[PDB]
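Listed next as structure tokens is one chain, alone, in the form deposited in one PDB entry.
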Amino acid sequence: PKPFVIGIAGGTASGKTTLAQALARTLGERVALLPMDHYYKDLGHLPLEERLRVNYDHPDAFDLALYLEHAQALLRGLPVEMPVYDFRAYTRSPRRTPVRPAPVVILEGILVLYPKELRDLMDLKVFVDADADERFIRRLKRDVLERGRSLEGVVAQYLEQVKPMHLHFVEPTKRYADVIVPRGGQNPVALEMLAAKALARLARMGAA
């Protein structure tokens, strides 16, 4: 049948990635996860200095056409070759990774609830919430330890782009969520609840 389509959005470092991955792990082979943060437009032909200036928190930085195409293919029972973005080099990497069709599809990303075309594919819409100061702390650690950023560059990107875009584009999408999940990285009860809903949907698919 139709998969269960779950959209999970939230600000940067809100716990949304960890929650989606945990749900994916709880369901095993019955889930396909498509992270929108790997779908930035391929601007690899542009010099680094130009890629450094792009605002990666504005909707137009994303290859929405491709993301939507992949989600639609998964919905038809077809596999897709998912792009992989290189946060260190600031470009779409040459690597790709296959994603197998499954009865539950999870679309996760800071802006997955922004485009009506994406929201119209979703059966369940989740927004993962956490205060900006706590998210900034996790973002700063993530950037310095995994993405080769300096503390100074993180502060500048955050104040000049991440925060303004979060207030203008990300936070208002919270109004479209069916449920809001706090403590996304460590919330066993909320995880069990999302899992129970998906399991009821899966049981519906096999029963007749």
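Rigid core (definition): largest C-alpha set, two forms, superposition within 1.5 Å. The first residue of the shown sequence is 1; numbering continues from there.
If you look for the form deposited in another entry, you will not find it shown, but the lines that follow are about it.
- Large C-alpha shift between the shown form and the other one, rigid core held fixed: of 61, 68, 177, 144, this applies to 144 alone, with a displacement of 2 Å or more.
- For residue 100, the Cα coordinates differ by under 2 angstroms between the shown form and the other one after the core has been superposed.
- With the core held fixed between the shown form and the other one, residue 88 has its Cα displaced by at least 2 Å.
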